[PDB]
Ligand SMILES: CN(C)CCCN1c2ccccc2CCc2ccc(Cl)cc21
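Below you will find one chain, with nothing else, as structure tokens; this is the form deposited without this ligand, and questions on how it binds or moves follow later.
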């Protein structure tokens, strides 16, 4: 089995798995929509009670499976719980990353497309004070790129450039993945992470120089880091905080598990896992939190900045920030740097969510890496046409797989590993080979707190939120639901074929 060549490579690859669009695009919007500082308390608590414990559990499960030649959940869940139902639940460890990859790679392609256009100066020319006269050109720019509907039909009409850039983006992802773990993902992470860090720091510095009649970047930081204990009783903020923690740490996506399956059986995962998690958090709250929000607040003030964040998931990062940058000397190049940063952040994460399907095809169906990577790319490329042409399909996939799915899967992996497999066996497995040991208190957090926490969260979700999503949405959501349910059935069929191949292989041995 392939293995990470170096310790630093492993850490940076895992850090790249985590540090992505979630840190720079998702976090700012989530924090802004939820009262900034009022979001941070639940966020920090979720990191301590859910993020950290699940990260260790996923690293442990992956390393455990890898030692037996398995890097994906259909097989790993079965190793932990010898029940056919384990294999089926395990399918989510292939389905979630595949579905998320389908829309995540497309959004990643937008950052490459924007980076290219901003680099070459093919950007809107706002009329040099009306806030709408400046923002409108950038909104039109994004809308023409992805092809937002101008009428009643829920159809998107992406520009030819956007389509070609998606092709290029898939090719770049393939070029890295086809080289494998050590020579592909690891080697790239050693280049991309330092680059991402430098670009992010530079952008934070430039943003911190922003001062307008409406405010300064400092006003943005105060908004984000000022506690608001009167929201701690709001379920919505907690659901948002936990959701962000899962997304940003790549938890419940089967991605951490697969990457960990390449860690040598004897190698530490306690310190390594904690480090990857900490690096992500610093990149999220310190870097991601200090770019978009402070810039928006400095130029528009808090009230307007919050309204912008609530506008959409892409308004702040693809419209507002470049519009703000356009009002400064060298602003177009600053926009280029921002989108280049987003592209590298996305790329290091997209290769991580495609690797689970690749590992499954290699490990269970015995395909060569070349064939596994190409077929995985083919499925993602084909499937992405749904997200590129059907309005709000992206939103539907992000909901079932990237929001509900990951929390459900996180709870599932915890129950299977810490309850069914055995709390003490699990604890032993996590700490084996550790450079440091997991604090004793976390044994109780993992066994009792985390699952209870997630269970309650899921119940409240299915009661006070999803019913509106099942009855208050446009009929076209069923097109996406139908397709992704089909993807689940397809993956289940592949797991079925994998078990049949194993049976025939065992009979011949």
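Numbering follows the first chain given and starts at 1.
Note that the form deposited with this ligand bound isn't included here; everything after this is about it.
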Look up in the entry with it bound whether residue 394 has a non-hydrogen atom within 4.5 angstroms of this ligand, and give yes or no. yes
Since only the chain is shown here, I'm wondering whether residue 176 would be in contact with this ligand in the entry with it bound (any heavy atom pair within 4.5 Å). yes
Is residue 314 one of the residues lying within 4.5 Å of this ligand in the entry with it bound, judged by heavy atom distances? yes
Check residue 425 for me: does it contact this ligand in the entry with it bound (non-hydrogen atoms, 4.5 angstroms)? no
Using a 4.5 Å cut on heavy atoms, which of 107, 221, 411, 237 is close to this ligand in the entry with it bound? 107
Ok, 204, 134, 274, 172: which has a heavy atom sitting within 4.5 Å of this ligand in the entry with it bound? 172
Of the residues spanning 1-19, the ones with some heavy atom within 4.5 Å of this ligand in the entry with it bound are none
